[PDB]
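*Asks:* Letter by letter, the sequence shown follows residues 1 to 52, 57 to 284 in the entry's author numbering. Each residue gets a CB set at the ideal place from its N, CA and C atoms; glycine is no exception. Structure incoming, see below.
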Amino acid sequence: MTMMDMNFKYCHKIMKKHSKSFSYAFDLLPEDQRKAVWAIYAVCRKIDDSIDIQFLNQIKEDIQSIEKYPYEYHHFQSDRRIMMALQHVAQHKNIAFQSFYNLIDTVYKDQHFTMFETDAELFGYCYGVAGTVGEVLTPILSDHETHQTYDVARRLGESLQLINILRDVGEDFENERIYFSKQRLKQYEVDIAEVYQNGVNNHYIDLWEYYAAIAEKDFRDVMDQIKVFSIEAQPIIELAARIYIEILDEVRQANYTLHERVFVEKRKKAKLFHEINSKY
Ligand SMILES: CC(C)=CCC/C(C)=C/CNCCN[C@H]1[C@@H]2C[C@H]3C[C@@H](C2)C[C@@H]1C3
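Structure below.
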């Protein structure tokens, strides 16, 4: 195990600790591509957590060091192991650094969190925080990147974020956050705090299912265009997607509770993989 291998293994650990789903799916990639993914993930994770600001500027500065001096040795201010891995990746693939900066800008913003007036700002947030992740991963998951590849990855990520939001309504409220748009909360006649006190009702379902139908529709457009990705990645991406979709059912299964996080059992993930793995 070379030093660089240790670095990637740190990145691996960060990823299976914090997101079982993507980990389960992406680890199935060929050695070289999964390592790149581990590394992009860990950099993203670390951006997400820089909250609990000084450390976020340090991450941004490290990323810029790499962008403009890929082959020079840096003394990273943030996480050496993560940045060493990221720099190794960038030496071999065309990383969209602007997407990292988009992601970071979006995270700065969260500490001024103001509810979204309209779905459009909700969608722009889904871009900044997840669509950007899709863009960064594109060169890993396809041989010849075209605007179409980026577009599909962008849409997949935004759709996954949306599911994430659909799943964490409860937890998110507690942390003083709501991602449903004022526009759409007025329209559907819905007060989060109220439902978080008195359980669900027909108006909440409707609002929730309204957003769910959106995620689900982006999902299919993505599956329809799965072909933009490399052959080895298509089944993995689809598996990753199908798992996050299945979380939609889980939430209905638990009658949309806002007091517990639902999840897809590892065993069910393998079932989906088989379903998918069968015809590939
Ligand atoms: C794998 C592909 C194509 C996309 C994955 C994209 C997915 C689902 C990202 C999860 N996105 C969380 C980003 N972090 C956000 C940031 C604002 C706020 C506070 C922090 C910082 C934690 C959360 C909520």
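Taking Cβ positions, are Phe117 and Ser163 nearer each other than 8 Å?
*Replies:* Taking the sequence shown and counting its residues from 1, one reaches residue 117 at position 113. Taking the sequence shown and counting its residues from 1, one reaches residue 163 at position 159. Taking 8 Å as the Cβ cut-off, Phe117 and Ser163 do not qualify as a contacting pair.
*Asks:* Return the residue from the list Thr110, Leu141, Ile209 that minimises the CA-CA distance to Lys35.
*Replies:* Within the sequence shown, residue 35 is the residue found at index 35, counting from 1. Checking every option, the nearest Cα to that of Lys35 belongs to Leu141.
*Asks:* To the nearest angstrom, how far is it from the Cα of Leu189 to the Cα of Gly174?
*Replies:* Here residue 189 refers to the residue found at position 185 when the sequence shown is read from its first residue. Here residue 174 refers to the residue found at position 170 when the sequence shown is read from its first residue. Roughly 16 Å between the two C-alpha positions.
*Asks:* According to the neighbour-count rule (16 or more other Cβ atoms, all chains shown, within 10 Å of its Cβ), is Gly203 buried or exposed?
*Replies:* As a first step, residue 203 is located in the sequence shown; it is residue number 199 there, counting from the start. Burial call: exposed.
*Asks:* Please state the DSSP three-state secondary structure of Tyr183.
*Replies:* The count along the sequence shown starts at 1 and reaches residue 183 at position 179. Three-state result, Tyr183: coil.
*Asks:* Roughly how many whole angstroms lie between the Cα atoms of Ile86 and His79?
*Replies:* Indexing the sequence shown from 1 puts residue 86 at position 82. Indexing the sequence shown from 1 puts residue 79 at position 75. Spanning the two alpha carbons is a distance of roughly 12 Å.
*Asks:* If you draw a straight line from the alpha carbon of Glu198 to that of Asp66, how long is it in whole angstroms?
*Replies:* Position 194 of the sequence shown, counted from the start, is the residue given in the question as residue 198. Position 62 of the sequence shown, counted from the start, is the residue given in the question as residue 66. So the two alpha carbons sit approximately 44 Å from each other.
*Asks:* Mind checking whether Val255 and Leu166 have CB atoms under 8 Å apart?
*Replies:* Indexing the sequence shown from 1 puts residue 255 at position 251. Indexing the sequence shown from 1 puts residue 166 at position 162. No.
*Asks:* Just to confirm before moving on: does the CB-CB distance between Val111 and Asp48 stay below 8 Å?
*Replies:* Position 107 of the sequence shown, counted from the start, is the residue given in the question as residue 111. Position 48 of the sequence shown, counted from the start, is the residue given in the question as residue 48. Yes, they are a contact pair.
*Asks:* Would you tell me roughly how many angstroms separate the C-alpha atoms of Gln115 and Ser146, rounded to the nearest one?
*Replies:* Position 111 of the sequence shown holds residue 115. Position 142 of the sequence shown holds residue 146. The straight-line gap from Cα to Cα measures roughly 35 Å.
*Asks:* For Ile99, which of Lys72, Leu160, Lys20 has the nearest alpha-carbon?
*Replies:* Here residue 99 refers to the residue found at position 95 when the sequence shown is read from its first residue. Answer by Cα proximity: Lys72.
*Asks:* Looking at C-alpha atoms only, which residue of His148, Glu193, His92, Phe26 is the closest neighbour of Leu211?
*Replies:* As a position in the sequence shown, residue 211 is number 207, starting the count at 1. Of the listed residues, the one whose Cα sits closest to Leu211 is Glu193.
*Asks:* Would the stretch 246 to 254 count as touching the stretch 16 to 26 if we require 3 or more Cβ pairs under 8 Å?
*Replies:* yes
*Asks:* Could you check whether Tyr200 and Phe177 sit closer than 8 Å to each other, using their CB atoms as the reference points?
*Replies:* If you number the sequence shown from 1, residue 177 lands on position 173. If you number the sequence shown from 1, residue 200 lands on position 196. Yes, the pair counts as a contact, with Cβ atoms nearer than the cut-off.
*Asks:* Measuring CB to CB, does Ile230 end up less than 8 Å from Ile241?
*Replies:* As a first step, residue 230 is located in the sequence shown; it is residue number 226 there, counting from the start. As a first step, residue 241 is located in the sequence shown; it is residue number 237 there, counting from the start. Yes, these two residues count as a Cβ contact at 8 Å.
*Asks:* Rounded to whole angstroms, what is the Cα-Cα separation between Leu262 and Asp172?
*Replies:* To locate residue 262, count along the sequence shown from 1; it is residue 258. To locate residue 172, count along the sequence shown from 1; it is residue 168. Taking the straight line from one Cα to the other gives about 8 Å.
*Asks:* With H, G and I counted as helix, E and B as strand and the rest as coil, what does DSSP make of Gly203?
*Replies:* Looking up residue 203 in the sequence shown gives position 199. Looking at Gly203 - three-state DSSP - the assignment turns out to be coil, as it is neither helix nor strand.
*Asks:* Which residue's Cα is closest to the Cα of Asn7: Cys44, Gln33, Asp83?
*Replies:* Along the sequence shown, read from residue 1 onward, the residue named residue 7 stands at position 7. Of the candidates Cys44, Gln33, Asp83, the one whose C-alpha sits nearest the C-alpha of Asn7 is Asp83.
*Asks:* Is it buried or exposed, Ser282, if we count other Cβ atoms within 10 angstroms and call 16 or more buried?
*Replies:* For the purposes of this step, residue 282 is taken as the residue at position 278 of the sequence shown. Burial is judged here by how many other beta carbons sit within 10 angstroms of a residue's own beta carbon; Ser282 has fewer than 16 and is exposed.
*Asks:* Could you give the distance in angstroms between the alpha-carbon of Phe101 and the alpha-carbon of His151?
*Replies:* What you label residue 101 is simply residue 97 of the sequence shown in a count that begins at 1. What you label residue 151 is simply residue 147 of the sequence shown in a count that begins at 1. If I take the Cα positions, the gap works out to 16 Å.
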